[PDB]
């Protein structure tokens, strides 16, 4: 059965950087995109980006452009999110959700497939700044 | 490991959540998947209804020939339930060897329905493809998602690609 | 409650072709089979993916 | 950048009634580009509807939704004690993919 | 114009319906009965040394 | 009361001697004879009663 | 509409009278037809004899165990009645399923005989023909009725036509 | 007469004693033979065990219901051995028609397991061979015993021979 697990909580001062890790098991890690969603206390859900583990393509929202970074290591089956230049507004709970379709486009920015959505969402980690 | 695709004759697809048979591909734009709703709908129709064909439909009511609360004569009691044990033996034998023949046919049939679709695609592309031996065809021209849907859709007019393909197949 | 078959311990009503409760019944019961279970294939042959 | 807005208000109801939530967008897109999530405190969200018209795996039948073009709606035929949570609307029309504001639900 | 050679098997305007393992209204071009329901209302007794008791 | 009691009118079966039915039900340890006795060909009679409709 | 000589994989031929399997063709002289009397005769021989294969051939004479004018005792009459109705329920069930397993095989068997002949013609022409996908082959040279009879007759020597075919098949 | 290595579709090999299926070849060095120990080991496993699946495994102990040294009443004697003859008739009919359905399947199956191996070799060689129609392939390059073992072994990399093969197949 599928299951996504990740690291524990962390605390970091302003101006530092963090690296959350989201490991998966029970399926073939290469397929399926990987979402990344956060939720600041009392705020709704924000969408950060997603990555294509097959070739490392990534796509980020304009709000995080130039600050966020994504990586994937198939040999270990872990998807990483690295965040730099931390501000006091970066305190939230970061998730990681696998998609539900097999497809891909080598550049998720130009994908146009049909019914898809996050599935097997992980558990989330608290980063405090 | 990285990449690589395979079809039947290598293993079954574990990501097929919708449909029995289907396709996969890989080109300059990206990978994908889709099921073949026609063939998978025929097989499911045939197979799932076999339970109702096993039920007897000539119902004959049966009465009691012995008493559950009072004794029966020994001479006739033996004959009464020497037949019963010899009739229960026929039904038990007739069921094991009759379901097994239905299980056997289902396995064989469903596998033939798959080799019929593979040979339907083979004759559709004609001289523009070669089989690599793992259940896929290697297209010798560059065709986009509008071509892949055509191959699934049974609308592939091969005549317009032959010139570009045979140049690559025979290496000028 | 409705039924078409009976046996000393209660009633039997079902859609499966065989039954294994008791041999002595009255009515239009399913035929008695002296086996615990008898499975019928409904899918295809399973051959899982390589790791 | 497509932005989505949801029917405002906590929409407090009593158990056993029928609720209705709506999700509206700035510009039209195909009805297949939508999904519905249910978020309970202290837990990761859960996928309820994908494509705006089909239920997720193992989802109880009481959840259903429909809509086309500009308007998309989610309907809970009957409300049970164990489904009072925040519900979200996400669209897959064009990058970036964005979440709605979120609609709360509470007992009367 | 180009040459050709094609293969096929015969069919009929209308056939009969028979039952099979996977179907219940299967159609075929030709079929035969298997159950007898007609008898002779006489007591055919050729070649047998019979005795009619009578009354 | 035993079915044979219906034709003999034993006290234990007094309530229902005559009647019509479609599914007769017989319990266990039913009373048939009050004054001690026996019936010849009793089994062939109990079967005859349990087939009737009234 | 006009033309078209589609074969099997499209529909059965309604103008066939003199056999089960056969051929058709079309060339510069005209259209035509002829049946295949080898494969046709094999299948008809097997299929038609299955009726006699079902008749019991271990005949055992049976007597009467009850009177058709007098009466029988109730105790024993029931036991006789129970056995008869329980034995009639086995033959009825056994006959329905047994025939269904002979109808099922006949349909599958006869349909393989067609795909065996199609593969026999395919490997006979070799590199001088291509399969158009509707159940028949497109000859890439001009050859007449004496040629068409040869293909049916299994006397087609492909070696003499290869030179003038590959020139047209690959478009010089 | 001399030469000729015709395969299946012409006759069975009488000098093949070490297995069910196998190969043969002929080149500039000699002639030879070898068996395909994989396919023959699977088929032998399935078929040889069908005897034990015909045995009833719900054993129920039976008894005597009529004396072998003393007479019995005529009324019940007829009923006793009117049932025996009617039960012996079901088993005899069931056995004949149940074995025939296993003889039929064994013949069909084992002949399909052979056409699967022929098509496994076919797709292995790709565009470096042409079937001559007697069950075997004509290699269009000169490859020695180290190649012949490769074709059996499933280690045949076609890519390195293609250049020198299509030169001969199309005759420059």
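Letters A, B, C, D, E, F, G and H mark the chains as written, and numbering starts fresh at 1 in each.
Rule of thumb we're sticking to: a residue touches a chain if its C-beta (ideal position, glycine included) is under 8 Å from a C-beta of that chain, and two chains touch if they have at least 3 such contacts.
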Problem set entry | Number of hops, chain D to chain H, where each hop joins two touching chains | 3
For this session: Please list the single chain whose C-alpha centre lies closest to the global protein C-alpha centre.
Result: B
For this session: Specify the chain most distant from chain D by Cα centroid.
Result: F
Exercise. If you average the CA atoms of chain B and of chain C, how many Å lie between those two points?
Worked result: 26
Seminar exercise, completed: Per the C-alpha centroid definition, the whole-Å distance linking chain E and chain H comes out as 35
Problem set entry | Centre-to-centre distance between chain H and chain F (centres being mean Cα positions), rounded to whole Å | 68
Problem set entry | Multi-partner residues of chain D (each touching 2 or more other chains) | none
Exercise. Which parts of chain H, given as residue numbers and ranges, touch two or more other chains?
Worked result: 58, 76, 79, 83, 87, 90, 94, 101, 170
Exercise. Considering chain C alone, which of its residues make contact with at least two other chains?
Worked result: 31, 34-35, 49
Seminar exercise, completed: The chain H residues in contact with chain G across the complex are 75-76, 78-79, 82-83, 85-90, 92-94, 97, 101, 104, 130-131, 133, 170-171
Seminar exercise, completed: chain A contacts chain B in the complex at 27-28, 30-31, 54, 74, 101-106, 111, 113
Exercise. Can you list the residues on chain F that touch chain G in the complex?
Worked result: 41, 43-44, 47-48
Seminar exercise, completed: Seen from chain E, its contact residues with chain G in the complex are 1-13, 18-22, 26, 28, 32, 34
Problem set entry | chain B residues touching chain E - in the complex, by the definition given at the top | 46-47, 50, 53, 102, 105, 109
